[PDB]
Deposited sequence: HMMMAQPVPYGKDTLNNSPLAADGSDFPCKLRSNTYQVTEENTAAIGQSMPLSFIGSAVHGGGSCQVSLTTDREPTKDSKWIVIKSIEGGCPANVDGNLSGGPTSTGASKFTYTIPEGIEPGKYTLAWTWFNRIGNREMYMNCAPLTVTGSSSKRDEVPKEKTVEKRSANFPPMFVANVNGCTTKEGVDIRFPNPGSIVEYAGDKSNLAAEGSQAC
């Protein structure tokens, strides 16, 4: 169980480290009282490295994550999300104990967006974690975001999944021996 600390999520005060409900009832963004309350607006220039960091009680052997954008500031189940980074393996970390960045790429227009971090844990229950944050891209090719484990598509335990459509910005941070094969079916 983990949650995003940077960028600062919407509704930080009520955001917990639980995965999305298995029945899809709180997709997207962990629908609740104040799902889309701006705690702190996050701001990024195109091409600027931005920190992506996480806190929680178990990394579940890592797994794979995406960072995605939508123009909707109150996304619904029908929102269009586009991927700007995939991390296949090693996300959010490899081990528990007492690192990542993203960049807004050329092709994203200045404006206000919602950013989502999504995570498919390697080990344990077949879950999807998702936290959303307000992002302003200052100044004012990208595939659809992968969804599994909350929509009847179930991933395989033990592997760092490869997203069918990872986009052109991909990082690998896990053990090569756990990485699913290129072209493998994720669910």
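Peer 1: Counting from 1 along the deposited sequence, which stretches lack C-alpha positions?
Peer 2: Missing from the model are residues 99 to 109, 152 to 169.
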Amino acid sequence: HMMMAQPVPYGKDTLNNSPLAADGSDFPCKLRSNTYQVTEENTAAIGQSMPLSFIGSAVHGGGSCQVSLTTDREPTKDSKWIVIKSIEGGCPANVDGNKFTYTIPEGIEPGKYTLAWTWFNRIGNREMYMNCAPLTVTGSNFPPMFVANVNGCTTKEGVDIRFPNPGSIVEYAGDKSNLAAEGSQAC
From here on, numbers count along this sequence of modelled residues.
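Peer 1: May I ask you to compare 72 to 80 and 102 to 110 by their mean CA B factor in the entry and name the higher one?
Peer 2: Comparing averages over the C-alpha atoms only gives 102 to 110.
Peer 1: Mean CA temperature factor from the deposited coordinates, higher in 27 to 35 or in 147 to 155?
Peer 2: It is 147 to 155 that shows the higher mean C-alpha B-factor.
Peer 1: Can you pull the Cα B-factors for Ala58, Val67, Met128, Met50 from the entry and say which is highest?
Peer 2: The listed residue with the largest C-alpha B-factor is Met50.
Peer 1: Highest Cα temperature factor in the entry, among the options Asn165, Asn17, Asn178, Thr14: which one is it?
Peer 2: Spelled out: the listed residue with the top C-alpha B-factor is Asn178.
Peer 1: Comparing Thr138 with the other modelled residues of its chain, is its CA B-factor in the lowest, middle or highest third?
Peer 2: For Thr138, whose C-alpha B-factor we compare with every modelled residue in the chain, the answer is the highest third.
Peer 1: Report the third (lowest, middle or highest) to which the CA temperature factor of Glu41 belongs, ranking only the modelled residues of the same chain.
Peer 2: For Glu41, the deposited C-alpha B-factor lands in the lowest third.
Peer 1: Please place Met4 in the lowest, middle or highest third of its chain according to the CA B-factor in the PDB entry.
Peer 2: As the PDB entry reports it, the C-alpha B-factor of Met4 lands in the lowest third of its chain.
Peer 1: What third of the chain does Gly124 rank in for C-alpha temperature factor, lowest, middle or highest?
Peer 2: Highest third.
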